[PDB]
Amino acid sequence: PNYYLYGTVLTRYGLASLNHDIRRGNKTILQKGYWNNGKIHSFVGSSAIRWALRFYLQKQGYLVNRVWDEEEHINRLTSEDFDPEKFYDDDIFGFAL
RNA sequence: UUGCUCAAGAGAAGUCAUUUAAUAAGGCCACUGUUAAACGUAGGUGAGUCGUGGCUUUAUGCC
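What counts and what doesn't
Residues numbered from 1 in each chain as written, not as in the entry; some residues may be left out. Chains lettered and ligands numbered in written order. Part of a larger assembly, values for the part shown. Heavy atoms only, no water. Helix = DSSP H or I, 4+ residues; strand = E, 2+ residues; numbered from the N terminus. Polar contact = N/O pair within 3.5 Å; in protein donor to acceptor, adjacent residues only side chain to side chain. Contact = heavy atoms within 4.5 Å. Salt bridge = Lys/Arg side-chain N within 4 Å of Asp/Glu carboxyl O. Buried < 20%, exposed > 50% of the residue type's maximum accessible area, 1.4 Å probe, protein only. Patch = residues over 30% accessible without salt bridge, like charges linked within 9 Å, V, L, I, M, F, W, Y side chains within 5 Å. Areas by Shrake-Rupley, 256 points an atom, 1.4 Å probe, with all protein chains shown as cover. Near = heavy atom within 4 Å. Nonpolar A, V, L, I, M, F, W, Y, C, P; charged D, E, K, R; others polar.

Per the PDB record, the structure was determined using cryo-EM to 2.83 Å resolution.

Shown next, in the form of structure tokens:
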């Protein structure tokens, strides 16, 4: 049967400066917009969280097609052809060429 | 003085009276703009009115 895992996770309190918007001028301003009650809330992109999850998968030793160098800051592909059967990355996050 | 010399085709008259291009018609039925992504890191400003009034020590600032 089809099974789904939905979840809302709440992070710990602290100072935050993540996923900044365009660094126009000298300021590095946050990614902010409207939320409930019509007040301004700061946002963090979901692509960053997906990248963090993929990096966790890579660091834990699971076989992933995309590998982060952590030194040259370049993403390298283990195999040009995407194989979701073998790679955790392709199975979970999908792919598109 | 020219086969010439002169020489009005002239006077008057409504193309009129009447007539629906009318009756009827669905541009209709179907369509995902699908799939993937770290913001990394450095780019600026245009425009009035004129002589103390409630607080506060003139002071000097609030409305």
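**Examining the side chain of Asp90**
With respect to the helices, strands and loops of the structure, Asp90 is situated in helix α2 (residues 88–93). There is a polar contact of 3.1 Å between the side chain of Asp90 and the backbone nitrogen of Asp83. Look past the residues within four positions of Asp90 in its chain and what remains in contact with it is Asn65, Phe82, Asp83, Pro84 and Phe95.

**Here we look at the pattern of salt bridges**
Per the counting criterion, the structure on display carries three salt bridges. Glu70 is the salt-bridge partner of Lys59, the closest N and O atoms lying 3.0 Å from each other. Taken together, the positions of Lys59 in helix α1 (residues 46–59) and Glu70 in the loop between β3 (66–68) and β4 (75–77) put the pair 11 residues apart, joining distant regions of the chain. For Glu70, a relative accessible area of 34% corresponds to the partly exposed category.

**Quick word on a nonpolar patch on the surface**
Together, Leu53, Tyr56, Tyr62, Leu63, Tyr88 and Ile92 give the surface a local cluster of nonpolar side chains, amounting to about 590 Å² of exposed area. At the level of elements, α1 and α2 are the ones that each hand at least two residues to the nonpolar patch. By the element assignment, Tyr56 lies in helix α1.

**Description of the side chain of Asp89**
With respect to the secondary-structure elements, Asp89 resides in helix α2. With a relative accessible area of 3%, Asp89 lands in the buried category. When sequence neighbours within four positions are dropped, the list of residues in contact with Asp89 reads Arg54, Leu63, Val64, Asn65, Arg66 and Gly94.

**Quick word on the protein's contact with RNA strand B**
Taken together, 15 residues are adjacent to RNA strand B, and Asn19, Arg24, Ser47, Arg50 and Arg66 come closest. Taken together, the sugar and phosphate atoms account for 50% of what RNA strand B places within 4 Å of the protein. With respect to RNA strand B, the side chain of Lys27 contributes an N or O atom lying 3.4 Å from a base oxygen. A distance of 3.3 Å separates a phosphate oxygen of RNA strand B from a polar backbone atom of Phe93. For the surface near RNA strand B, the secondary-structure elements that each account for two or more residues are α1 and β3. Class assignment for the residues of the surface near RNA strand B results in six nonpolar, three polar and six charged.

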